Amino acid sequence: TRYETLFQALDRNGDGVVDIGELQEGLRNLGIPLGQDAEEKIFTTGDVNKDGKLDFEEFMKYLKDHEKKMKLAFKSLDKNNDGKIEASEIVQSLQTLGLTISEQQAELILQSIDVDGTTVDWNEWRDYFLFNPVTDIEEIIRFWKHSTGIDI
């Protein structure tokens, strides 16, 4: 019950839906730091029937689709399929997208994502981008830009 756990956590009054207040205060009470336009981007993406409310199916679907996207990004970065992402792979991937960066810049990115202080694996990746509403590698790169300060 991934998304059941999350939803049950967020739905404070237990009326079966999560409103924007519950999402905000919820994310803060779970310790996930998000800006209002990120949270609102999540909400607008999730509210398929546009009633200003997230029911369980909408929530579950958003997180499912998002997880698929992030998994796709991960597997697109992992060139040698070792289930991990090395800095050189970030360099190559960004190079195919017309960005030339150095090894220490990629290392900087990875360290911004890693906690083990090694390179990042699928668990850290997934956890890091779980509530980050980036939709693809481009948006991930833009996020890396305002996160690390490097202009990429």
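Numbers for residues come from their place in the sequence shown, where the first is 1.
The gap between residue 45 and residue 46 holds no unmodelled residues of the deposited sequence.
In this entry, the higher average B-factor at the C-alpha atoms falls on 3-11, of the pair 3-11 and 143-151.
The PDB entry records a higher mean C-alpha B factor for 21-29 than for its counterpart among 21-29 and 134-142.
When the Cα B-factors of 51, 116, 55, 37 are read from the PDB record, 116 comes out highest. Of all the options 60, 99, 85, 106, the entry's greatest CA B-factor is assigned to 85.
When all modelled residues of the chain are sorted by CA temperature factor, residue 90 is found within the lowest third.
Among all modelled residues in this chain, the alpha-carbon of residue 66 has a temperature factor (C-alpha) in the middle third.
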